[PDB]
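Novice: Going letter by letter, the sequence shown gives residues 257 to 406, 424 to 533 in PDB author numbering.
Below are the structure tokens for one structure; questions will follow.
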Amino acid sequence: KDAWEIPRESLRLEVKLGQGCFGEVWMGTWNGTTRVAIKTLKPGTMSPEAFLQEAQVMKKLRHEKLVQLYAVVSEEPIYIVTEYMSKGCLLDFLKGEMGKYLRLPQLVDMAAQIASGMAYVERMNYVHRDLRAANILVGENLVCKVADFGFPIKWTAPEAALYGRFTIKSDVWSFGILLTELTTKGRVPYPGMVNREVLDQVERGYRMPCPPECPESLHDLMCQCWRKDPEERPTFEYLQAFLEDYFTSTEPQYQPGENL
Ligand SMILES: CN(C)CCCC(=O)Nc1ccc2ncnc(Nc3ccc(NC(=O)Nc4cc(C(C)(C)C)nn4-c4cccc(N)c4)cc3)c2c1
């Protein structure tokens, strides 16, 4: 037990948020003061030391654009407590009521935040392996933090998908896919394509067309993310700055339209 550890009675499990094969996810209250998020272990469905490796990582990786861990409870029933992200999951957020209202500026700003967090991961020599709209959490004021909810081939770089070469450059690839999600307001990438077609076509050379009303400059950044050679892909550091500076440096001529 370490300084993260807490007492169960200091917690208050209020509303359910969704079941998984290994436990539940509940909204609730820490010390009667703090909006919180709690993950459960369904007893004897997994080794109590592997369920708590999720926490081992969340301790090592602390950054303003990453999900902050709060506290653990280590004697079964086990818990992991992290901050509470109000708008919930970024995918649901985009294909919901706030969808039609979002425009490029808001959308780019979200992308920048994600790149920034992923930039931090780049510093740490950690690899995400499953970045995409579904693993982003959205808070107040459109804050976006990198999370992981626990085969996503349409989002995975081919060297990873095929030979298990997982790397920050394979993450960079998924980022580019993430950008299409942002520009199409929560759509599935490669519409009308089954999982085998993706593999087959991608290797042959196919790439996603510039989405409607998306500046050709932005689509270009996507293609840079999808470069065949893992080493020709840009760094998250570069991407962060690109996106932050976008409407001064890259498209100052930007005119808002029907959808973006
Ligand atoms: C589909 N719709 C319709 C319904 C949606 C239902 C809904 O509304 N849900 C909801 C709403 C608001 C929520 N608000 C907050 N948290 C939630 N939950 C929440 C918070 C955190 C995490 N975990 C992580 O982030 N882990 C994580 C981060 C990292 C980094 C950072 C990459 C090192 N590594 N790992 C990690 C490491 C090892 C193993 C694993 N598994 C993970 C999981 C869930 C919420 C959930």
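Each residue gets a CB set at the ideal place from its N, CA and C atoms; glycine is no exception.
Out of 509, 527, 524, 332, state which residue places its alpha-carbon closest to the alpha-carbon of residue 303.
Specialist: 332
Novice: With respect to the alpha helix (DSSP H) encompassing residue 477, which residues constitute its N-terminal and C-terminal limits?
Specialist: 468-477
Novice: Would you kindly work out how many angstroms separate the C-alpha atoms of residue 338 and residue 369, rounded to a whole number?
Specialist: Distance between the alpha carbons of residue 338 and residue 369 is about 19 Å.
Novice: State buried or exposed for residue 259, treating a residue as buried only when at least 16 other CB atoms are found within 10 Å of its CB.
Specialist: exposed
Novice: Measure how close the beta-carbons of residue 510 and residue 375 come, nearest whole angstrom, since I'm counting them as under 8 Å.
Specialist: Cβ-Cβ separation between residue 510 and residue 375: approximately 5 Å, consistent with a contact (criterion under 8 Å).
Novice: Taking 7 Å as the cut-off, is the CB of residue 314 close to at least one heavy atom of ligand 1?
Specialist: Answer for residue 314: yes, Cβ within range of ligand 1.
Novice: Give the C-beta separation of residue 268 and residue 288 to the nearest angstrom, bearing in mind that I take them to be a contact with Cβ-Cβ under 8 Å.
Specialist: 7 Å
Novice: Is the region 425-444 touching the region 347-357 in the sense that three or more CB pairs, one from each, lie closer than 8 Å?
Specialist: No: fewer than three Cβ pairs fall under 8 Å.
Novice: Which of helix, strand or coil does DSSP assign to residue 499?
Specialist: The answer is coil: DSSP assigns residue 499 none of H, G, I, E or B.
Novice: On the CB-based measure, 16 or more other CB atoms within 10 Å of its CB, does residue 306 come out buried or exposed?
Specialist: exposed
Novice: From this set, 459, 285, 371, 392, which residue's C-alpha is nearest residue 484's C-alpha?
Specialist: 459
Novice: What does the alpha-carbon distance come out to for the pair residue 314 and residue 393?
Specialist: 15 Å
Novice: Is residue 403 near ligand 1, in the sense that its beta carbon is under 7 Å from a heavy atom of that ligand?
Specialist: yes
Novice: Where do the ends of the alpha helix (DSSP H) carrying residue 373 lie?
Specialist: 360-380
Novice: Nearest by alpha-carbon distance to residue 486: which of 299, 442, 292, 529 is it?
Specialist: 529
Novice: Can you tell me the Cβ-Cβ gap for residue 262 and residue 329, rounded? I've got them flagged as a contact below 8 Å.
Specialist: 6 Å
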